């Protein structure tokens, strides 16, 4: 496919810088791992350098690199066609019965590696709700995303749902509703996608020997040509 | 396995009884076809008896039988487990920047035929919007549903998105946000579900010899064990 896709052969380091503010509580996070797009794998470790995180780690997972997705020859790959100059990624995330997050990322290739530099602002949460009351499990369900093209901006649009399990229930979930849009940083030719889906499977872990608040993960991510494979 | 499921071998006939009211306009639709649950397929033809539908046909498809889905041995099949007595299925459907549908349906097994009898009420639409203005294509995309358990009430919960393409844009979509709850009608024992997904692929047609406002469809539907398949 694209000449940007040349940069993703083999395993490549991944570096994350996040700044956050949820109803007055501020915090910074740093992450380090790798991605291998030939199989759609991402493996990474995260630490909060400022103190404790003010919300459950699972609500931050979607904001903490769709360029590592396994894309076959039959679909256009927007994310890698933008590389190395990169893309801006923006979301609004709205919690069932509670507040919302707004996010803005720059995702680029620099110095042999992928950088995700992202800012998060949270507003309108209940002080006794599941979020600010830290009442959600340290785990994660499999998801399916919807993706299509915006020919007017030579970009990408996406809409999906994410489920979070309630601490002290078993099989009761709230929903975080996701809307998203992506725009190129450079002015050069890119690949604008057509309608398709993307599967995610995430597993979370921790390390008790590190005294800082922490989280690790492993994920598998594939593009799905659903106009053909759901027949 | 469950006693309901044996009612489903081979082609089983399907009847639909639907009434609507969207801001001033009452209307009725009657449908007939069959479903074959061993391959997950459904065929059916629809007529509007009162005149022309006052919203585009695409917006009505999800309201117009999840008992015809292909379930393999590895997952609990709630819909089939309820039969022959049936279940109640209620939804709220909220359209991006416009109004909403509330629907209440009863789904039963009677004389070797499945019956879907359903009521729909619509409120808060704009006269110049894509819905009341009728400005959406006569076509459909593949979708993916999330399904889980509500043990407390021996019931089922579901949440998901549906895309509708805007006429005269090309490639741009509006989203219809769906929430759903199902409750057994009878008293027998049933299979409460666990977290899984369900795939859909739908194709619309017309019978152009016929003078009444009309629509046909064919569909493939299957349950998905995502905790293993997404790995």
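Please note: Cβ atoms are built from the backbone with ideal geometry, for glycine as well, and neighbour counts cover all protein chains shown. No lab work stands behind these numbers, since they all come straight from the coordinates.
Counting, for every residue in B:132-144, the Cβ atoms of other protein chains within 10 Å of its Cβ and taking the mean gives 3.
Modelled this way, with points 7 Å down the Cα-to-C-beta line, the labels at residue B:150 and residue A:74 are 3.8 nm from one another.
Taking the label point 7 Å along Cα→Cβ, residue A:166 and its counterparts in the other copies are spaced 3.7 nm apart, in ascending order. Counting only other chain Cβ atoms within 10 Å of each residue's Cβ, the peptide A:190-198 averages 2. Separation of region A:22-36 from region B:1-51 is 50 Å, based on Cα centroids.
FRET efficiency for residue B:204 and residue A:203, Cβ-Cβ distance as r, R0 = 45 Å, nearest 0.05? With a Förster radius of 45 Å, E is 0.70. Taking a temperature of 37 °C and a viscosity of 0.692 mPa s, what whole-number D in µm²/s does Stokes-Einstein yield for region A:174-225 with Rh from Kirkwood over alpha carbon pairs? In µm²/s, the coefficient rounds to 211. Expressed as a fraction of 2.2 N^0.38 Å, the value expected for a compact globular protein of N residues, the C-alpha radius of gyration of chain A is 1.01.
The packing ranking, built from the mean of other Cβ atoms within 10 Å per residue, places the peptides A:38-45, A:66-73, B:79-86, B:122-129 in the order B:79-86, A:66-73, A:38-45, B:122-129, highest first. Taking a ≥ b ≥ c as the square roots of the eigenvalues of the Cα gyration tensor, region A:138-222 is prolate, since a/c reaches 1.5 or more and a/b is larger than b/c. Here B:75, A:64 are placed in order of increasing Cβ neighbour count within 10 Å, fewest first, which gives B:75, A:64. Residue-level result for chain A: its Cβ closest to the axis carrying A onto B, with that distance in Å, is A:144, 2. Other protein chain C-beta atoms within 10 Å of residue C-beta, averaged over B:21-29: 0. Remark: spin-label model distance residue A:36-residue A:6 equals 2.4 nm, labels positioned 7 Å along the Cα→Cβ axis. Calculated on C-alpha atoms, the gyration radius of the protein assembly as shown divided by its Kirkwood radius gives an Rg/Rh of 0.98. With all pairs of separate Cα atoms included, region A:41-105 yields a Kirkwood hydrodynamic radius of 14.9 Å.
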